[PDB]
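Undergrad: I am sharing my_file-v2.txt, which consists of compact mmCIF, N, CA and C atoms:
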```txt
# COMPACT_ATOMS: atom_id res chain seq x y z
N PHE A 52 112.58 106.95 93.00
CA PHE A 52 113.89 107.38 92.55
C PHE A 52 113.77 108.71 91.81
N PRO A 53 114.77 109.58 91.90
CA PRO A 53 114.71 110.85 91.17
C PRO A 53 114.70 110.62 89.66
N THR A 54 114.04 111.53 88.95
CA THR A 54 114.04 111.48 87.50
C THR A 54 115.45 111.72 86.96
N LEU A 55 115.78 111.02 85.88
CA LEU A 55 117.10 111.16 85.29
C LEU A 55 117.28 112.55 84.71
N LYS A 56 118.46 113.13 84.93
CA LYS A 56 118.81 114.44 84.42
C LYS A 56 120.12 114.35 83.65
N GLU A 57 120.34 115.32 82.77
CA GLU A 57 121.47 115.26 81.85
C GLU A 57 122.80 115.23 82.59
N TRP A 58 123.70 114.37 82.14
CA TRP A 58 125.01 114.18 82.76
C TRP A 58 126.00 115.15 82.14
N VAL A 59 126.33 116.22 82.86
CA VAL A 59 127.22 117.25 82.35
C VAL A 59 128.60 117.17 82.99
N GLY A 60 128.67 117.06 84.31
CA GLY A 60 129.95 117.00 84.99
C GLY A 60 130.22 115.64 85.62
N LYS A 61 130.05 115.56 86.93
CA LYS A 61 130.14 114.31 87.67
C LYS A 61 128.81 114.03 88.35
N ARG A 62 128.55 112.76 88.64
CA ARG A 62 127.27 112.36 89.21
C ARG A 62 127.00 113.10 90.51
N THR A 63 125.76 113.54 90.68
CA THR A 63 125.33 114.25 91.88
C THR A 63 124.55 113.29 92.76
N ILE A 64 125.00 113.13 94.01
CA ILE A 64 124.29 112.28 94.95
C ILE A 64 123.05 113.00 95.45
N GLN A 65 121.91 112.32 95.40
CA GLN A 65 120.63 112.90 95.79
C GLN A 65 120.02 112.10 96.94
N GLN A 66 118.81 112.50 97.33
CA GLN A 66 118.16 111.95 98.51
C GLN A 66 116.74 111.53 98.19
N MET A 67 116.32 110.43 98.82
CA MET A 67 114.96 109.92 98.77
C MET A 67 114.26 110.24 100.10
N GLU A 68 113.08 109.67 100.30
CA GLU A 68 112.30 109.95 101.50
C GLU A 68 111.48 108.72 101.87
N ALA A 69 111.30 108.51 103.18
CA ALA A 69 110.45 107.47 103.71
C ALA A 69 109.33 108.09 104.54
N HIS A 70 108.20 107.39 104.63
CA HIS A 70 107.02 107.89 105.31
C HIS A 70 106.56 106.92 106.39
N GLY A 71 105.80 107.45 107.35
CA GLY A 71 105.28 106.65 108.44
C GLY A 71 103.89 107.11 108.84
N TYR A 72 103.16 106.20 109.49
CA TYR A 72 101.78 106.44 109.86
C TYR A 72 101.33 105.33 110.80
N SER A 73 100.52 105.68 111.80
CA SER A 73 100.08 104.70 112.80
C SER A 73 98.66 104.99 113.25
N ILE A 74 97.91 103.92 113.53
CA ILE A 74 96.52 104.01 113.99
C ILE A 74 96.40 103.23 115.30
N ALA A 75 95.84 103.87 116.32
CA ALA A 75 95.72 103.27 117.64
C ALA A 75 94.34 102.66 117.84
N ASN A 76 94.29 101.53 118.55
CA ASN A 76 93.05 100.81 118.76
C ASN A 76 92.20 101.49 119.83
N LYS A 77 90.96 101.01 119.97
CA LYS A 77 90.01 101.55 120.91
C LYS A 77 89.21 100.41 121.52
N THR A 78 88.48 100.71 122.59
CA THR A 78 87.68 99.73 123.30
C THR A 78 86.21 100.16 123.33
N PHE A 79 85.32 99.19 123.19
CA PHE A 79 83.90 99.45 123.07
C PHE A 79 83.13 98.52 124.00
N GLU A 80 81.98 98.98 124.47
CA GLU A 80 81.19 98.24 125.45
C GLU A 80 79.71 98.48 125.24
N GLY A 81 78.91 97.53 125.72
CA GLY A 81 77.46 97.67 125.76
C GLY A 81 76.84 96.66 126.70
N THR A 82 75.97 97.10 127.60
CA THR A 82 75.41 96.21 128.61
C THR A 82 73.98 96.63 128.95
N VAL A 83 73.19 95.65 129.39
CA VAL A 83 71.81 95.86 129.81
C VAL A 83 71.58 95.11 131.11
N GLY A 84 70.53 95.52 131.83
CA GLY A 84 70.19 94.89 133.08
C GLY A 84 68.74 94.44 133.14
N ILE A 85 68.53 93.15 133.35
CA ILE A 85 67.19 92.57 133.47
C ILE A 85 67.10 91.91 134.84
N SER A 86 66.05 92.23 135.58
CA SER A 86 65.93 91.78 136.96
C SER A 86 65.81 90.26 137.03
N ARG A 87 66.23 89.70 138.16
CA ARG A 87 66.21 88.25 138.31
C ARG A 87 64.79 87.71 138.31
N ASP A 88 63.87 88.40 138.98
CA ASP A 88 62.48 87.96 139.03
C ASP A 88 61.87 87.95 137.64
N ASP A 89 62.02 89.05 136.90
CA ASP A 89 61.42 89.14 135.57
C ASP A 89 62.02 88.12 134.62
N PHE A 90 63.31 87.83 134.78
CA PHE A 90 63.93 86.81 133.94
C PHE A 90 63.41 85.42 134.29
N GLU A 91 63.19 85.14 135.57
CA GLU A 91 62.75 83.82 135.99
C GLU A 91 61.24 83.63 135.93
N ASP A 92 60.46 84.69 136.11
CA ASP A 92 59.01 84.60 136.00
C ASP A 92 58.59 84.91 134.56
N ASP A 93 58.97 84.00 133.66
CA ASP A 93 58.75 84.20 132.22
C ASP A 93 58.47 82.85 131.57
N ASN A 94 57.19 82.56 131.34
CA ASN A 94 56.80 81.35 130.64
C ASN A 94 56.66 81.56 129.14
N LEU A 95 56.41 82.80 128.71
CA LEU A 95 56.22 83.08 127.30
C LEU A 95 57.52 82.90 126.52
N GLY A 96 58.65 83.22 127.13
CA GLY A 96 59.91 83.21 126.42
C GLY A 96 60.20 84.49 125.67
N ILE A 97 59.54 85.58 126.02
CA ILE A 97 59.71 86.83 125.29
C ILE A 97 61.11 87.40 125.50
N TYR A 98 61.67 87.23 126.69
CA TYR A 98 63.01 87.71 126.99
C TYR A 98 64.11 86.75 126.56
N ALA A 99 63.76 85.60 126.00
CA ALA A 99 64.78 84.59 125.70
C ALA A 99 65.85 85.07 124.73
N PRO A 100 65.53 85.70 123.59
CA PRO A 100 66.62 86.09 122.68
C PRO A 100 67.24 87.44 123.01
N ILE A 101 68.08 87.48 124.04
CA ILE A 101 68.86 88.68 124.33
C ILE A 101 70.28 88.46 123.86
N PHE A 102 70.71 87.20 123.85
CA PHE A 102 72.05 86.88 123.36
C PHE A 102 72.19 87.20 121.88
N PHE B 52 108.98 116.19 42.08
CA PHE B 52 109.34 116.50 40.70
C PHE B 52 108.41 117.58 40.16
N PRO B 53 108.92 118.50 39.34
CA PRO B 53 108.08 119.61 38.86
C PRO B 53 106.82 119.17 38.15
N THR B 54 105.73 119.90 38.36
CA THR B 54 104.48 119.58 37.69
C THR B 54 104.62 119.74 36.18
N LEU B 55 103.87 118.94 35.44
CA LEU B 55 103.97 118.92 33.99
C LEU B 55 103.21 120.11 33.42
N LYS B 56 103.93 121.03 32.80
CA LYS B 56 103.33 122.20 32.17
C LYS B 56 103.23 122.01 30.66
N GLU B 57 102.38 122.82 30.04
CA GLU B 57 102.15 122.72 28.61
C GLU B 57 103.40 123.15 27.84
N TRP B 58 103.71 122.41 26.78
CA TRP B 58 104.90 122.67 25.98
C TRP B 58 104.54 123.56 24.80
N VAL B 59 105.19 124.72 24.71
CA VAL B 59 104.93 125.69 23.66
C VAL B 59 106.20 126.01 22.87
N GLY B 60 107.29 126.33 23.57
CA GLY B 60 108.52 126.70 22.90
C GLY B 60 109.63 125.70 23.10
N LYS B 61 110.61 126.05 23.94
CA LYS B 61 111.70 125.16 24.29
C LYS B 61 111.44 124.56 25.67
N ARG B 62 112.32 123.65 26.08
CA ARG B 62 112.20 122.99 27.37
C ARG B 62 112.99 123.76 28.42
N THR B 63 112.32 124.14 29.50
CA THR B 63 112.95 124.88 30.59
C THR B 63 113.47 123.89 31.63
N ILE B 64 114.76 123.98 31.94
CA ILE B 64 115.41 123.06 32.87
C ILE B 64 115.18 123.57 34.28
N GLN B 65 114.28 122.92 35.02
CA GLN B 65 114.05 123.27 36.41
C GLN B 65 115.01 122.49 37.31
N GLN B 66 114.90 122.71 38.62
CA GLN B 66 115.76 122.07 39.59
C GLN B 66 114.94 121.60 40.79
N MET B 67 115.48 120.62 41.50
CA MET B 67 114.82 120.00 42.64
C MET B 67 115.56 120.41 43.92
N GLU B 68 115.15 119.82 45.04
CA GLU B 68 115.75 120.14 46.33
C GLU B 68 115.83 118.89 47.19
N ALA B 69 116.95 118.75 47.90
CA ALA B 69 117.15 117.70 48.88
C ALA B 69 117.13 118.32 50.28
N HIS B 70 116.77 117.51 51.26
CA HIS B 70 116.59 117.99 52.63
C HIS B 70 117.46 117.19 53.58
N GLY B 71 117.76 117.80 54.72
CA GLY B 71 118.56 117.16 55.75
C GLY B 71 118.07 117.57 57.12
N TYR B 72 118.32 116.69 58.09
CA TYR B 72 117.85 116.89 59.45
C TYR B 72 118.57 115.91 60.36
N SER B 73 119.12 116.41 61.47
CA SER B 73 119.93 115.59 62.37
C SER B 73 119.45 115.76 63.80
N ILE B 74 119.55 114.68 64.57
CA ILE B 74 119.20 114.67 65.99
C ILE B 74 120.39 114.11 66.76
N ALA B 75 120.88 114.88 67.72
CA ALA B 75 122.05 114.48 68.49
C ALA B 75 121.63 113.71 69.75
N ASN B 76 122.51 112.81 70.18
CA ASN B 76 122.23 111.95 71.33
C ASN B 76 122.65 112.65 72.62
N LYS B 77 121.89 112.41 73.68
CA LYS B 77 122.13 113.00 74.98
C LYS B 77 122.33 111.91 76.03
N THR B 78 123.00 112.27 77.12
CA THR B 78 123.31 111.34 78.19
C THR B 78 122.60 111.76 79.47
N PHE B 79 121.98 110.79 80.14
CA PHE B 79 121.19 111.04 81.34
C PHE B 79 121.75 110.21 82.49
N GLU B 80 121.49 110.66 83.72
CA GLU B 80 121.99 109.98 84.90
C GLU B 80 121.16 110.34 86.12
N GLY B 81 121.20 109.47 87.12
CA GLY B 81 120.57 109.70 88.40
C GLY B 81 121.21 108.86 89.49
N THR B 82 121.56 109.46 90.62
CA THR B 82 122.32 108.77 91.66
C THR B 82 121.73 109.07 93.03
N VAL B 83 121.70 108.04 93.88
CA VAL B 83 121.21 108.16 95.25
C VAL B 83 122.18 107.44 96.17
N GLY B 84 122.53 108.08 97.29
CA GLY B 84 123.48 107.50 98.22
C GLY B 84 122.94 107.31 99.63
N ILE B 85 123.12 106.11 100.17
CA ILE B 85 122.69 105.77 101.52
C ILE B 85 123.88 105.21 102.28
N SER B 86 124.04 105.63 103.53
CA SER B 86 125.19 105.22 104.33
C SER B 86 125.14 103.72 104.62
N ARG B 87 126.33 103.14 104.80
CA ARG B 87 126.40 101.72 105.12
C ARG B 87 125.75 101.43 106.46
N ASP B 88 125.96 102.31 107.44
CA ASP B 88 125.33 102.15 108.75
C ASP B 88 123.81 102.12 108.63
N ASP B 89 123.25 103.10 107.92
CA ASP B 89 121.80 103.19 107.79
C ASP B 89 121.25 102.00 107.01
N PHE B 90 122.03 101.47 106.07
CA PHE B 90 121.56 100.32 105.30
C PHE B 90 121.56 99.05 106.14
N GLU B 91 122.64 98.80 106.89
CA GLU B 91 122.75 97.56 107.64
C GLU B 91 121.91 97.57 108.91
N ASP B 92 121.69 98.75 109.51
CA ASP B 92 120.93 98.82 110.74
C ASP B 92 119.42 98.79 110.52
N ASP B 93 118.97 98.79 109.27
CA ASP B 93 117.54 98.78 108.98
C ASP B 93 116.98 97.38 109.21
N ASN B 94 116.25 97.21 110.30
CA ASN B 94 115.60 95.95 110.63
C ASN B 94 114.15 95.89 110.17
N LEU B 95 113.65 96.96 109.54
CA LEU B 95 112.26 97.03 109.12
C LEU B 95 112.07 96.65 107.66
N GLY B 96 113.02 97.01 106.80
CA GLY B 96 112.91 96.76 105.38
C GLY B 96 112.45 97.93 104.55
N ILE B 97 112.50 99.15 105.09
CA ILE B 97 112.03 100.31 104.34
C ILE B 97 112.92 100.58 103.13
N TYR B 98 114.24 100.49 103.31
CA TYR B 98 115.19 100.86 102.27
C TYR B 98 115.43 99.74 101.27
N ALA B 99 114.79 98.58 101.44
CA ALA B 99 115.03 97.47 100.53
C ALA B 99 114.64 97.78 99.09
N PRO B 100 113.45 98.34 98.79
CA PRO B 100 113.10 98.59 97.38
C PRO B 100 113.64 99.91 96.85
N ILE B 101 114.94 99.97 96.62
CA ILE B 101 115.57 101.10 95.94
C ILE B 101 115.92 100.75 94.51
N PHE B 102 116.40 99.53 94.27
CA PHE B 102 116.69 99.10 92.91
C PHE B 102 115.42 99.08 92.06
```
In structure tokens, write the structure found in this file.
TA:
Amino acid sequence: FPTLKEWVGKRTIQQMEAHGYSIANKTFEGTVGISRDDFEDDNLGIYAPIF
Amino acid sequence: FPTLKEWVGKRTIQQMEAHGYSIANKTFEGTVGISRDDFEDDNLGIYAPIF
């Protein structure tokens, strides 16, 4: 609200202001490729924790 | 009251002083106007916190 000012004549109508702002989303990706043979020919379990 | 001076002859009649000071009252005002259309058509709530 405007700061109060001395009342000399008749009330003066004044104006306020409104603001706006927006942020747009984005998409992200990441992928890897492990061959079927190497994944299946694995007794050690070294490749197991990829998830 | 006058400081006490040494008495030698007669008594000298001094005088004092009174003081005054006044502060006058002032009138302040502030006014904001929004159209009825703009107030009722607001479906967002931006103009709600004016009071």
Undergrad: Mind listing as a list in words all residues within 12 Å of (121.4, 109.1, 95.2), counting only C-alpha atoms?
TA: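 Collected hits near the coordinates: residues 52, 53, 54, 55, 62, 63, 64, 65, 66, 67 and 68 of chain A; 80, 81, 82, 83, 84, 85, 86, 101 and 102 of chain B.
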Undergrad: Find the distance between atom CA of residue 60 of chain A and atom CA of residue 75 of chain B and write it in Å to one decimal.
TA: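 Calculated distance between atom CA of residue 60 of chain A and atom CA of residue 75 of chain B is 18.5 Å.
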Undergrad: Grab the atom CA of residue 88 of chain B to atom N of residue 56 of chain A distance for me, in Å with one decimal place.
TA: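 The value is 27.1 Å.
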Undergrad: Report the residues of chain A whose backbone DSSP state falls under alpha helix (DSSP H), written as a list in words.
TA: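 Written out, the alpha helix (DSSP H) residues of chain A are residues 87, 88, 89, 90 and 91 of chain A.
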Undergrad: Looking only at the backbone, which of the residues in chain B does DSSP tag as strand (DSSP E), as a ChimeraX atom specification?
TA: /B:79-80,82-83
Undergrad: With only N, CA and C atoms as the basis for distance, which of B:97, B:79, B:92, B:73 is at the shortest distance from residue 57 of chain A?
TA: B:79
Undergrad: Which residue, B:87, B:70, B:94, B:76, has the smallest gap to chain A when you use only C-alpha atoms?
TA: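 Checking each of B:87, B:70, B:94, B:76 against chain A, counting only C-alpha atoms, the winner is B:76.
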Undergrad: Report the distance between atom CA of residue 95 of chain B and atom CA of residue 72 of chain A in Å, rounded to one decimal place.
TA: 14.1 Å
Undergrad: Around segment 57-68 of chain B, fit a box with edges along x, y and z, padding it by 8 Å on each side, then list its centre and edge lengths in Å to one decimal as lines of an AutoDock Vina configuration file.
TA:
```
center_x = 109.0
center_y = 122.8
center_z = 35.0
size_x = 29.7
size_y = 23.8
size_z = 40.3
```
